[PDB]
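Encoded as structure tokens, the structure appears first; notes follow it.
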Amino acid sequence: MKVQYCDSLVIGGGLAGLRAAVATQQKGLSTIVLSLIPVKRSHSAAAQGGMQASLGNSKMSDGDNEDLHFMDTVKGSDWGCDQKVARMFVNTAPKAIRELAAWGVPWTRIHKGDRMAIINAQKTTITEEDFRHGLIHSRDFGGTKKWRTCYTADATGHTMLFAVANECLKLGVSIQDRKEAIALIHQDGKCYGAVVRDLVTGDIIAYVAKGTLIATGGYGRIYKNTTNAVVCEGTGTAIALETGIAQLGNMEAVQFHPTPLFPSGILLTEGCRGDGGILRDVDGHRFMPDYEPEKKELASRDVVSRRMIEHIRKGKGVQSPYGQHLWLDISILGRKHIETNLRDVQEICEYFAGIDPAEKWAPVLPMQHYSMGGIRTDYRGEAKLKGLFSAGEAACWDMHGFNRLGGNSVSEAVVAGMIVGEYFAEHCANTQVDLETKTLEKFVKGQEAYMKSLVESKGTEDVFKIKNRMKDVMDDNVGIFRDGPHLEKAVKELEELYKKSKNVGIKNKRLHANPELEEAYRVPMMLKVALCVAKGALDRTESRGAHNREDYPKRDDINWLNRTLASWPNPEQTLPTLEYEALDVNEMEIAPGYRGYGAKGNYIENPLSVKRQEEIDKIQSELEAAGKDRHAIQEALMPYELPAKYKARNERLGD
Amino acid sequence: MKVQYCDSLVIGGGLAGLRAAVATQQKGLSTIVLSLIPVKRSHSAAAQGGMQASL
Amino acid sequence: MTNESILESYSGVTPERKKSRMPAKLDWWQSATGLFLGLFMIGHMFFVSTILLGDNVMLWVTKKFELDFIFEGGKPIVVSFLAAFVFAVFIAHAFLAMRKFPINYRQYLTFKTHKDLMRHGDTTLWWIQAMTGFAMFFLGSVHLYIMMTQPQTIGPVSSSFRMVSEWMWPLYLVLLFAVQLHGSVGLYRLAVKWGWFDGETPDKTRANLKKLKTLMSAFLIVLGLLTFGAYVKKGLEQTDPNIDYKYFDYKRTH
Amino acid sequence: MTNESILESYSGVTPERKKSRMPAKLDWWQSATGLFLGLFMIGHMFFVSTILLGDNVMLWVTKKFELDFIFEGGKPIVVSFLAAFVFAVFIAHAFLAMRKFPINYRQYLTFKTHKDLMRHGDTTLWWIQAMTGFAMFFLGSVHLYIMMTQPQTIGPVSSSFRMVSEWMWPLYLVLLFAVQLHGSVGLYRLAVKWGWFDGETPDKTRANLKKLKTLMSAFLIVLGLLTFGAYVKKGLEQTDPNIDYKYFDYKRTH
Amino acid sequence: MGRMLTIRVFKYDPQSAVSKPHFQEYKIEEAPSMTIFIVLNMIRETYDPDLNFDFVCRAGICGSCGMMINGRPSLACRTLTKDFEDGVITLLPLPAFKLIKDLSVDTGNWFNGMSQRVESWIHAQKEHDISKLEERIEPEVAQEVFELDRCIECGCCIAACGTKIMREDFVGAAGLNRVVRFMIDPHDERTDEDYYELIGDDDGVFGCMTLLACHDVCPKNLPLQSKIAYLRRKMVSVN
């Protein structure tokens, strides 16, 4: 039997996994990072919008602080997030940016002077004073009043990922790519590592550790149309689920992006509409103003996606052999503007769409983009299965609730990497494990037998036909608009698809470097993940954040002010088990209310919310009258925890 | 902490250790042989008298 | 061998534990010798082409290089020293540049295959650099030794004799294309290798250097072929069996 | 490039999944060309030394190589083909053997240091092989081209002219030691490399081959120096400015 | 219609004793905006699930899909079939990298090795306090660093380099670019002498023969030509 030991095992080489690895390795814990691909090719590398952090450096960032970032996050989540976690996040984001700057990330900097900027409420001139010169800049992104999105020109995710990966190399972290975790090793409610398949040699290896962290990204590829890399299939999510102990949170909470290139799904940055991009229908008609007279093109991304689908359903979509879509017209911004401020988007439409944006319109359609759902953890990042931690998009630390803020996800990956990294390091250093070879052998032999059965299967089902049908079902029934009737149909078909995935037969019999065998074990995993999404969507009878039920259009703060928890305790069951974790309004710094975007009074108020709100207004007034600072007031409203190393306050321009 | 696992650990790379390693390795047991020096330099190499066996 | 060279051979570093600076010096000298030869050849093509302006012209130029304004009829031995010097640089350059040839079957096969698959101009041109370089080991040496040992046989008449009667034309014809291709490509790569003229628009500079390289080559090749014909034509007219052409030009002013 | 060469370049093996046989063929040809040149040179030294037996002797030998017994006064062009052939083998050998030179600073430094530390005869001799080989790129080419293009100028009189008047003696003196050292060491290493004569007592055979190598070298060097003096002495006596020595020997029987 | 494309692919499984290197052909009907990414996946799902290849972002951002396409190392996800007026496309794995199988090679681990070799990370004596204002940097400087930091470690400049193909220890264009990227970063305190200890040898900057194929194939259009020359001038002047 092959066994590899390390004090800290990290599964996933994206921003979250790599940053967590730095945290453990820097304190002498031997750590290994497993990854399907070279770590610098992780999906994190595709982020071009930026990272949200309340630095307050630039003119449009002036006055920004943790409180403002906190409120944008909570309201954006439509109150589905754990507010204490959101607080840990916003207070740490500034230091994540600064640490990365020290690590060489080439953040775009502010230069003194005036600049022609688009405010879309007063596209005037912005002035940056001399004392702001040379500091980290920020741009308009995510719809926040305060511009706090930091960026490195047009490749933020790329430069951030490379810096953290390079730090891992500096520290001697063991990076092992083309290695896939296919099962978690656990006993007595504790996680001791993972069974890993070497994608090149086909060897099945047991990686044991005092602590295991899953940072495998999102599960967007269960959909046909997604902005995600082809490796975002949620297998990390599935292996946690298949332990029968760890739970997944809000899997039905999936966010879509309104303007990805159709049908590829290649992203066309938000800056397009932010600059002046125009959405047009089959007749070339600018339709957003018809639905949103005020906001128009610049409405909340959440609203734009809905309007786009509505417009298509009204029969105004463009017919295509790949389906219906709409148009994105950016030519109107002028060739000059495009080649100087959107040179990146121009290259995309040419290299893939084969069109010059300064002349022709780009086909677009809303597609799956971010996974708020994931492995459920406490504020420390630990799952119900002891010793198993999770961070990044793969988790449901839940700072996002039912709607993640644009720019908060790459921010979370690094921040969680830092915070969960500390708690994870502490766990690995202080915990003591009992590694029984009997158990290791059972898991390793079990997977070797599984691989053999797949290769020997005489089943007649085709894995690709099954995977492709799953993706259509998800797109057709679990998208922007959902209803009970269609969701019930989706669940039944997914369950049938799952049963058939067990009768798959493959042509190539080899155990090594076999992409067909890889699909044979990944697809069944994706189906169980899809089932958690679809079933969670069917059972959640309300509309909240990105989850829109046409048959239940209102946000129900009375019956659904909670979090969906999915599990799969019995390996024989064909449907996930769903339970609910109620959100305690008493522990909320901000009581439920109007989220800011969308129709007003579209939520069923909870009497407890009103009570708490009054309680909050009272505490504020009293302390505020007593001449107390925002920090002391915050503590009085909702105290939260932070590792000692990150307890410090964030110095800002002007203190 | 640095840890290395194998099913069968052999300490000593002379005739006895190496022959025992063959026994375990041939049946699929991952085995490691630890030695102070390259195994072919073990004292066993100095024997010039011979090996007793009733052929 | 010295103690320091032993310590460097065995440790991989100098006694101060630093990497040798020799690789840097060798790189510098390879390019320096290359630059010298490249410029020298341009001047060489202009002087040797004076034959196109008339026998009296090149004859006059020839006498100047022999320090006419210092010695009576000039001393041919001056050209011998000049030739010896250029020969030394020729050898030093070949010695250093030779380090860059594919050196075994594997390297040769894989590079040749890569060159044909890529169809990349600057890669193909390096191959030409290597080929012409190897060829000049044999072609250039012949010419250099003769110029060094028979300087008094240089002239509109004597040079034409060697060209035709001594059958040097086949070697000159091949050497002409070899050294011009090698030389122009080399000067071009030298420019982009060290980036002396990069400036603010490197891609434009390179695009211009490539054009200049082609023009220079075309012009010098034409000029070279014309000059070639001149020497050949004259050599074919030397039919008087009673005239000593080889030393004719010398037998004019000692 | 062919599909097979692409498959071999990218996979490291032939389409049949076997290692290329080219390395073997190249090794064979390197030695074959070396053997040819080594033997050729021995014969060359005997025929060029006939000058020691008298002008009429070498003159007679010279006419035979020009196929005297087939053509009137023999055709010098015969020697041109002979020279061309040897030149081709010369180039092919240099091309193949060149693969064995130290090719970068590190290799040069470490080998040179090793050679001086070891004070090992056969290792030092290889260094001499490499040095003399590199030197002949320049020395040998000069002589080969001339023999190929001016075969009618070979003779007890004409050869002495080139030797002295055309200043070929300095090149011949150096080339003499270079090719003899290179040649004898090469034939010796060839014997122990392929072990043609190993037999039952390899160490004795090698000990004898080394002795034979030294004797052969000594004898041929002496003979070479005597022959050198002969050509030089005669060349120094050609003082008649009215006699065309270069083509004298040719002007005897067309 | 959409014209019939002839896809010729290199296939070889070094881990299988019976595998022999060879080409396999496929007939694919071209479609609008079709890329090699779409072509290879069509082949995998409907014609030959044996074929190995690596795609991740399918947007030309991650550097995963480099391969020889009609003799030129390119990003398959960014290559359009339309651009081949002939309908014949030959795919080979990137040379100069360890072959895994068919079109799949190990670029990732060679790059990690390269990154360690040139010590690809900020070298600074003191750690800046992350709870305080960041050190100021001129915007032009940040932009210059970003330009060289755009490298996606695709390996195209490594495979395009005849020098690397012949001499495997050569650090490559990507390695030379990485050195300059830190050289011009004010945060890194290394001097010219420090960099010389890294690439001041025949396996480093002096091993470059200026073939410039790296510059001409780089999908990110990095200024390799001028940056390598810049480095060469500085390293040759050390001491």
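Per-chain residue numbering starts at 1, and chain names A, B, C, D and E are given in the order in which the chains are listed.
By definition in this document, a contact is a pair of C-beta atoms (placed from the backbone, for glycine too) under 8 Å apart; a residue touches a chain by one contact, two chains touch by 3 or more.
Here's who's who by UniProt: A = Fumarate reductase flavoprotein subunit; C, D = Fumarate reductase cytochrome b subunit; E = Fumarate reductase iron-sulfur subunit.
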Selected interface, C-E versus A-E, where C-beta contact pairs are more numerous: A-E
Per-chain CA centroid nearest to the all-protein CA mean: E
Whole-Å separation of chain centres (CA-atom averages), chain B against chain D: 57
Interchain centroid distance [CA atoms averaged], chain A/chain D, Å: 76
Centroid distance [mean C-alpha coordinates] between chain C and chain A, Å: 65
Averaged-CA centre spacing for the pair chain E and chain C, given as whole angstrom: 37
Residues of chain A whose C-beta touches two or more other chains: none
Two or more partner chains touched - positions in chain D: 6, 8-9, 104-105
Junction residues of chain E - those touching two or more other chains: 92, 95, 202
Touching chain combinations (by label order): A-B, A-E, C-D, C-E, D-E
Residue ranges of chain E in contact with chain D within the complex: 10, 12, 14, 19-23, 92-93, 95, 99, 202
Interface residues, chain A side, partner chain B - complex: 1-5, 7, 30
Residues of chain A touching chain E in the complex: 37-41, 43, 45-46, 95, 97-99, 101-104, 106-111, 133-136, 152-153, 155, 158-159, 162, 166-167, 169-170, 175, 177-178, 200-201, 229-231, 264, 266-267, 348, 351-354, 464, 468, 506-508, 510, 512-513, 515-516, 648-653
Residue numbers on chain C that touch chain E, as the complex places them: 18-21, 23-24, 26-28, 100, 102, 107, 110-111, 114-120, 122-123, 126, 189, 192-195, 198, 202-203, 206
Contact set on chain E toward chain C in their complex: 68, 71-72, 92, 95, 160, 162, 165-167, 196-197, 200-202, 206, 208-213, 216, 223, 225-226, 229-230, 232-233, 235-236, 238-239
